[PDB]
Every structure is written in C-alpha cells, then in structure tokens.
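Observations on the model geometry
Chain by chain, the residues run as shown.
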Amino acid sequence: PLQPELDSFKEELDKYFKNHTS
Amino acid sequence: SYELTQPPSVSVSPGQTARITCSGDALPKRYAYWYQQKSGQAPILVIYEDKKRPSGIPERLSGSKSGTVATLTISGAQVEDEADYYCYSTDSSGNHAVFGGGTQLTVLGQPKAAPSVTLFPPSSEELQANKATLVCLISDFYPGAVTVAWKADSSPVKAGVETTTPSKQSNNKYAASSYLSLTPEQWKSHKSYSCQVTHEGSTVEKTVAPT
Amino acid sequence: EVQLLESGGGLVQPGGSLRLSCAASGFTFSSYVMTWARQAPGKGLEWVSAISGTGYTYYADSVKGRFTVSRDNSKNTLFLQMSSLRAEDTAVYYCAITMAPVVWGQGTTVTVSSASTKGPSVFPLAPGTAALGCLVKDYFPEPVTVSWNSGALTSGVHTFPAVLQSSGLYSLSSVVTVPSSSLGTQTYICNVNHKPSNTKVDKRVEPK
C-alpha cells in the first residue's frame, strides 16, 4: 500500500508545544 | 523538484518593517513555516502553520499567507534581527518538504566601524622548518569590505598572499585575515614587512621586523 | 530538558558510507516524526529525510536510493545510513523533531572527499594591552576547535575563520588580547582539537 503524506503528521507540532517550550 | 522562491536580500531601516516573501505553487494548500539562522548558529523556528508564533519569539515577528505567497513580517526592526530567514513547506503531493533559498536581512543605518588590525611575524619553530608565514588579523569592522596590501620594506608584495572573504561576527561586524607566505630568507633579508588595511578610505598599517 | 545528541560524521571518500546517529531524550520519542536536514558550507538549509514514529519514511529526491532513514524507539535513537556518497553531500547534518523541525541538534559534519585527513601544525604567535595567538596551519578538513588555558580564558579571545589555501589545506589563527602587565606573570596555552585527524595539541605562547 501507499504511505500517507508527510503532511498528515503536521499536527504533531501543536502537540509538541503542548508539552514543551521552544 | 518543488521549490520555494525567496528574494536573496531584504534591507530595512531601524524601526521599520521588513517583509520577506516566499512563493510556491502548493502554498494555497500547504502550511508555511519560517526559520531564523544567525551567523554560526543552528536555525530557530519563528513561525509555524502560516501564522503561529512559538512562545518566546517576539510579537514583532508575524507570518501570513495569501494565494501562492507566504510573507514573514518583522516590524520595528532592530540590528539584532540581522539573520538569514528561510521559509519551509511541503509539495503538492505532501510527500516532500523543502526550504526556500533563504533571505539575508540587512538593517540599515549601522555606523562605520574601523578595523582593529594585529600583525604577527613568523614563529621560530616555523622558521626552523624552512617556512615563514606572516599573519594579519582584521576584526570588528563595518561595513564588510576591506582591501589588504602587503609591503616588503616599502615595496608592494605581489605573490604569496591569501586573504579571506569578510565574515559576519555575532556582533554584526566583520572579520577577515590575510596570510603572507615567505621563504625564511625573504623574511630575514628585508628590514620589515607591513600589512596595510584600507576600509572606507582609511588605511591602517602594522609592521613587523626580524628579531 | 529536550536533547538531541548527534554523532557519526567525519571524512569519507566518494562512494563510501557513513551512519549518522541522533540520540534523543526529554520527550516521548516514539510519538514524533523525526527529520534530517543539512547545510553545505556557505549554502542554504536543505531537507534530507523524515521518519514517522511508526516508521513511514520520506526522502529528498537528491538522496533517494542512496540514504536510508531509520529509528529505534526503544533506544530513542534516529539514524541516517548514507551510501554512495558524493562530494555534494558534504554538509553539516542536523536532526530535529516533527515534520517541521522544531528543536534542532547541534549538527555533525560530513566531508566527502578523496583527499586524506591532514592534522594541523600549531605555531605560537608571541606577544595597555597586548595580543598573542596561535597559528593552526595546514589541516584538512574543517573544522578545528581552539580554546585557551583549557577554556578558562575566554575574555579577549577571537578565533578567526579559516583561509582555504590554494593547496586545498586550511589554516586559521586564534588571537587573545591580554593586559600587557600579565605577559610576565601569566601562562598562555592554546588548546587545538582537529577531530578528523584525532589531533589534540597544546602550544605554550611565551613572550619572545
């Protein structure tokens, strides 16, 4: 099968900033 | 390959607003992201998802996107904002990411700063090995352009000179160095050698002599 | 504290192979895409590869078929296996978190060249203030580290960017400005580390 798009992981950035600072 | 197009250079007056554009065919459907990289540092994310600001990034920095153009806006520009700014996004397929070519931000109005020049003669250990290097170090000048001329006594030296291109220091001024290769006999048989550094019309000369 | 510790860079001949590693701590590593990017000397940032937590992989067209990205979630480690290396792969390589790099490693330098490593020769540059220094001469490849008095001397230190000689070797200089009264009372030692040649040398700089 085909992989999903790299862009389908974009929301991890928001998750990251939930738990960690810049 | 999908590419993002940025202007290579943007200049801004202190206190004014810099606008850095980034164009690409997939931007209407793909988020833009922006990175700041100061000289000699790793990049920092300054905008994500077109317009979101990570905590700690100044409110003066904002991002927007319209059609195929994303824009990073830096208002109230300060000299500390000088850096390379890169946009970043993904292609129409969503399976590759790419950086733009980067935009160097220049903040105008910075005063002339004359170079500090230090010249060193060859070391005894180098001379013992049948080599001789003179080292001319040029630091803390602005803007980032100098010319370097070497003299043997008072005569111009035409061979053996290697000079670096000016590089931006962390304090936004520039540094460069110039090396003169000589035989030990050339070093010994002249009364002195000089490194002459010209910047904004002003010439500074340092001189060393065998001893 | 989030940490990304990179390793594995170095000098490799064209057609050779290298395995970069990025050991992560401070976050739930298996929850995030990890990304490789690189920057050639004097050039722009380039996206290299990405791998999702569960192992989906993505590659720049410039490295597809030659590089393989992988990860070990149990050891919180990211890898980039590089093969069929070309001169244009020379760069500092960074790992970073998520598909839009948010926290970057400090980098590891990869140099692809047929030239052998050459360790530097270090020469003292003898001295209200006075300048003394060290000439780090004839080495390959970049970079080299210079410290003074084991890192205890930082004020007045300026280490200059290297010159690329017509020979293809590099040279650089580090200079320290000191109070002139200290020239008879203080010892000044420059500490040079050129990692590709495993060169670690100290050179005392005394008044002439």
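What the entry reports as its method is X-ray crystallography, with 1.6120 Å given for the resolution.

Moving on to the interface of chain B and chain A. Taken together, the 16 residues of chain B in the interface contact ten residues of chain A. Between chain B and chain A, roughly 970 Å² of surface is buried when both sides are summed, and carbon and sulfur atoms account for 49% of that area. Summed over the three residues of chain B that lose the most area to chain A, namely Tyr-48, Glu-49 and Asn-95 of chain B, the buried surface amounts to 31% of that side. The interface formed by chain B and chain A contains three salt bridges. Salt-bridge contacts for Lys-52 of chain B lead to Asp-14 of chain A; the nearest nitrogen and oxygen are separated by 3.0 Å. Here chain B is connected to chain A by seven residue pairs in polar contact. Across the side of chain B that touches chain A, the residue classes tally to six nonpolar, six polar and four charged.

Linking two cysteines covalently through their sulfur atoms gives a disulfide. What the rule picks out here adds up to four disulfides over all chains. Note that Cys-22 of chain B is cross-linked by a disulfide to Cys-87 of chain B, the S-S spacing being 2.0 Å. With the S-S dihedral at roughly 75°, the linkage between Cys-22 of chain B and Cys-87 of chain B falls on the right-handed side. Separated by 65 residues along the polypeptide, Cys-22 of chain B in strand β2 (residues 18-23) and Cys-87 of chain B in strand β7 (residues 83-90) bring together distant segments of the chain. You can call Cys-22 of chain B buried: its relative accessible area is 1%. Here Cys-22 of chain C is linked by a disulfide to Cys-95 of chain C, with a sulfur-sulfur distance of 2.1 Å. Every disulfide takes its handedness from the sign of the S-S torsion; for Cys-22 of chain C and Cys-95 of chain C that torsion is 70°, giving right-handed. Taken together, the positions of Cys-22 of chain C in strand β3 (residues 18-25) and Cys-95 of chain C in strand β9 (residues 91-97) put the pair 73 residues apart, joining distant regions of the chain. Listing the disulfide partners of chain C by sequence rank of the bonded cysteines yields 1-2, 3-4. By sequence order of its bonded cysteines, chain B has the disulfide arrangement 1-2, 3-4.

Rules of the game
Residues numbered from 1 in each chain as written, not as in the entry; some residues may be left out. Chains lettered and ligands numbered in written order. Heavy atoms only, no water. Residues with missing side-chain atoms left out of burial classes, pairs and counts. Contact = heavy atoms within 4.5 Å. Buried area = accessible area lost by both parts, 1.4 Å probe. Salt bridge = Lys/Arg side-chain N within 4 Å of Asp/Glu carboxyl O. Polar contact = N/O pair within 3.5 Å; in protein donor to acceptor, adjacent residues only side chain to side chain. Nonpolar A, V, L, I, M, F, W, Y, C, P; charged D, E, K, R; others polar. Disulfide = S-S within 2.5 Å. Helix = DSSP H or I, 4+ residues; strand = E, 2+ residues; numbered from the N terminus. Buried < 20%, exposed > 50% of the residue type's maximum accessible area, 1.4 Å probe, protein only.

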